[PDB]
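Novice: In the authors' numbering, the protein residues as written are 766 to 885.
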Amino acid sequence: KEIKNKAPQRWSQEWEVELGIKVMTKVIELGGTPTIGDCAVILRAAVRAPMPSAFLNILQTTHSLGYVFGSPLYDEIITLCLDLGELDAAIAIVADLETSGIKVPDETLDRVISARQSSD
Numbered sequence: 766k767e768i769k770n771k772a773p774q775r776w777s778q779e780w781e782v783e784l785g786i787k788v789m790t791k792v793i794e795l796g797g798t799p800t801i802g803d804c805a806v807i808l809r810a811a812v813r814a815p816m817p818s819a820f821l822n823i824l825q826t827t828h829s830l831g832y833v834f835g836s837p838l839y840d841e842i843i844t845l846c847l848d849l850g851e852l853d854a855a856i857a858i859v860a861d862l863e864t865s866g867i868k869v870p871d872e873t874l875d876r877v878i879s880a881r882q883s884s885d
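#1: Return the residue from the list 835, 768, 779 that minimises the CA-CA distance to residue 813.
#2: Return helix, strand or coil for residue 843, following the three-state DSSP convention.
#3: So, with DSSP's three-state summary, where would you put residue 871?
#4: What are the start and end residues of the alpha helix (DSSP H) that includes residue 865?
#5: Taking C-beta to C-beta, are residue 815 and residue 838 nearer than 7 Å?
#6: Assuming the contact rule is C-beta atoms closer than 8 Å, residue 820 and residue 842 should be a hit. Round their C-beta distance to whole Å, please.
#7: Would you be able to state if there are at least three C-beta pairs under 8 Å between the region 794 to 805 and the region 820 to 834?
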């Protein structure tokens, strides 16, 4: 009775990436392994519309299955985090990237350190 006459909700890329990460979490819970391409696709959806908060969780989900992206993609996401003003987000990103053991570009870490020094 309630669903049929409810007004529809317009599309938004934020709701899109939310539904995407929820679908990914459910698929992982039910025993399914998403491909690396879908991970790159949700990363592209997250970088297209400003949403820095989702970066950490999506990259953690990617690293969970064992997938590792190239250095340019991490460079791009870190540069976007620095540009849009989410310094703590980029700090968490480089922290979990160092924890995972992947190698980030030197200029990216240098820019992160410079932004951290400027913020302090």
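Virtual Cβ for every residue (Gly too), placed ideally from N, Cα, C.
Specialist: By the coordinates alone:
#1: Working through the sequence shown from its first residue, we reach residue 813 at position 48. The residue with the shortest Cα to Cα distance from residue 813 is 779.
#2: What you label residue 843 is simply residue 78 of the sequence shown in a count that begins at 1. In this structure, DSSP gives residue 843 a helical state, which the three-state scheme calls helix.
#3: Residue mapping note: residue 871 aligns to position 106 of the sequence shown, counting from 1. Three-state result, residue 871: helix.
#4: By one-based count along the sequence shown, residue 865 stands at place 100. Taken as a continuous stretch (DSSP letters only), the alpha helix (DSSP H) holding residue 865 covers 852 to 865.
#5: Locating residue 815 in the sequence shown gives position 50, where the first residue counts as 1. Locating residue 838 in the sequence shown gives position 73, where the first residue counts as 1. Against a cut-off of 7 Å, the Cβ pair of residue 838 and residue 815 comes out as no contact.
#6: As a position in the sequence shown, residue 820 is number 55, starting the count at 1. As a position in the sequence shown, residue 842 is number 77, starting the count at 1. With a Cβ gap of about 6 Å, residue 820 and residue 842 count as contacting.
#7: yes
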